[PDB]
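A lone chain, given as structure tokens: the form deposited in one PDB entry.
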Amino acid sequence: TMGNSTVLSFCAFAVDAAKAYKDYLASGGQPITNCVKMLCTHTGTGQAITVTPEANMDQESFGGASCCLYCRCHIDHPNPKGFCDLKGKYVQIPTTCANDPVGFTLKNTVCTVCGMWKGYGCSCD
């Protein structure tokens, strides 16, 4: 098992950190841990990213920044204003994927319409 600081270091100095984290996971690597899990009722909306925790019965809630590879790596966000969609918000992850929230937020996309994760509850189809 690799620990957090070895993975994080490895990705942070990659020219493409997101590709390194994915390629690492694909090879069977141990996911980044110590994301900040939230106590909450699990009666929330199920929206992906929210101002307070919004988990439904099928989700967990985390502190957004602790689930963001770039925040966890202390590097610039790949958005040309450098702005973070998770910093200071709360992210709702499906409980099945809650063992790798950093990987989940990376690999996935919020539906422009729903508000929920495309492919994971987004009902729109």
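Superpose the two forms; the largest set of C-alphas matching within 1.5 Å is the rigid core. Shifts are known only where both forms have a C-alpha. One rule holds for the numbers: they count along the sequence shown, beginning at 1.
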Mean CA B-factor: is it higher for 20-28 or for 108-116?
108-116
Between 29-37 and 80-88, point out the one with the higher average CA B-factor as the PDB entry records it.
80-88
Once the chain's modelled residues are ordered by C-alpha B factor and cut into thirds, is residue 61 in the lowest, middle or highest one?
lowest
Residue 74 - which third its CA temperature factor falls in, relative to the rest of the chain
middle
Which third of the chain does residue 93 land in by C-alpha B-factor: lowest, middle or highest?
middle
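Form deposited with a small molecule bound: not shown, discussed below.
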Thinking of 34, 62 and 66 as the candidate spot, does the small molecule come within 4.5 Å of a heavy atom on all of them in the bound PDB entry?
no
Contact flag, residue 14 vs the small molecule in the bound PDB entry, heavy atom cut 4.5 Å:
no
Is residue 58 one of the residues lying within 4.5 Å of the small molecule in the bound PDB entry, judged by heavy atom distances?
no
I'd like to know whether residue 9 contacts the small molecule in the bound PDB entry, with contact meaning heavy atoms within 4.5 angstroms.
no
Taking any heavy atom pair closer than or equal to 4.5 Å as contact, tell me whether residue 86 reaches the small molecule in the bound PDB entry.
yes
Determine whether the C-alpha of residue 34 shifts by 2 Å or more between the shown form and the other one once the rigid core is superposed.
no
Of the residues shared between the shown form and the other one, runs of 3+ whose Cα all shift 2 Å or more on the rigid core are 26-29
